[PDB]
Ligand SMILES: O[C@@H]1[C@@H](O)[C@H](O)OC[C@H]1O
Ligand SMILES: O[C@@H]1[C@@H](O)[C@H](O)OC[C@H]1O
Ligand SMILES: [Ca+2]
Ligand SMILES: [Ca+2]
Ligand SMILES: [Ca+2]
Ligand SMILES: [Ca+2]
Ligand SMILES: [Zn+2]
């Protein structure tokens, strides 16, 4: 909508207070004009029609329980935008400042979030398994990274290319969380997962097996569930990226860590320069090696660590 840019204030899913960029035109809309061609947040009103209504507020103060998921979807979309701009010189997910749209209050008790080819979509959770999922910045960045992947490598969402697609979203969801530096970790979804269970998460990058996911190619799931286990076998790639960044010895294979920022540059380059829609784990390895070579040289520690990490998880 057309209006004058202004700044509102509200509270997130987790009760934290934050300023949000809004637009004034009779009402104050969740429309952030400071980032590319806008970040737009919508209210699905407990239904499944998308995008719904552009969020409209009467006084620019968003402290109601009902507003919190919209506050966080709006705010964390901006953080993810900032990450890709400042770290990877990328303007929005299509690299040309496409408008980022997010709908919250999707359905009733919906325990998920997703990028639907055009926008992000967040359920409220049933209050038991999930609270509103936009409250997890790694969830938001996870979904928005899917838009980045769809516009670049285009990894088919099935089998190994689908698991790479999932791993990429877990990776950059985690790196965006570290970028904001609020209780960051190598776990996925901890902030919105099981409010009644402390210390758990949806997946673990540091130790995929913690939740039954493979941490080695030999343990990969080859059935048909989950489009061939795209959310399961991602553990194999998640573990390799954890090892690249943090180091460790895994099934007796030692990996020297190189840090988070270099992991991001290697995988972003791999994602945008070398991966294709049908790429498999082995081709991901080659992409990661060629990216680290481009960035740091064939005889670098970085290239060596990329090689050690994929050996650890059994990807040749
Ligand atoms: O109480 C809710 C209110 O916060 C919102 O603005 O409109 C829908 C209501 O359910
Ligand atoms: O507020 C209610 C909400 O809790 C539920 O998700 O759907 C029905 C609504 O009236
Ligand atoms: Ca208000
Ligand atoms: Ca965390
Ligand atoms: Ca996390
Ligand atoms: Ca929990
Ligand atoms: Zn995903």
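If you go along the chain as it appears here, the first residue is 1 and each next one adds 1.
Determination method: X-ray crystallography, 2.0 Å.
From the backbone N, Cα and C atoms, a Cβ is placed for every residue, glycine too.
Cross-referencing 160, 166 against the Zn(2+) binding annotation in Swiss-Prot, which names 142, 146, picks out 166. In three-state terms derived from DSSP, residue 190 (Ca(2+) 2 binding site) belongs to neither a helical nor a strand segment and is classed as coil.
Each of 136, 174, 183, 184, 186, 188, 189, 191, 201 belongs to the same chain as 138, 177, 185, 187, 190, is absent from that list, and has a C-beta within 8 angstroms of the C-beta centroid marking the Ca(2+) 2 site. The Cβ of residue 194 (Ca(2+) 4 binding site) has 128, 129, 130, 200 as same-chain neighbours under 8 Å, each 6 or more residues away in sequence.
A straight line from the CA of residue 146 (Zn(2+) binding site) to the CA of residue 138 (Ca(2+) 2 binding site) spans 12 Å.
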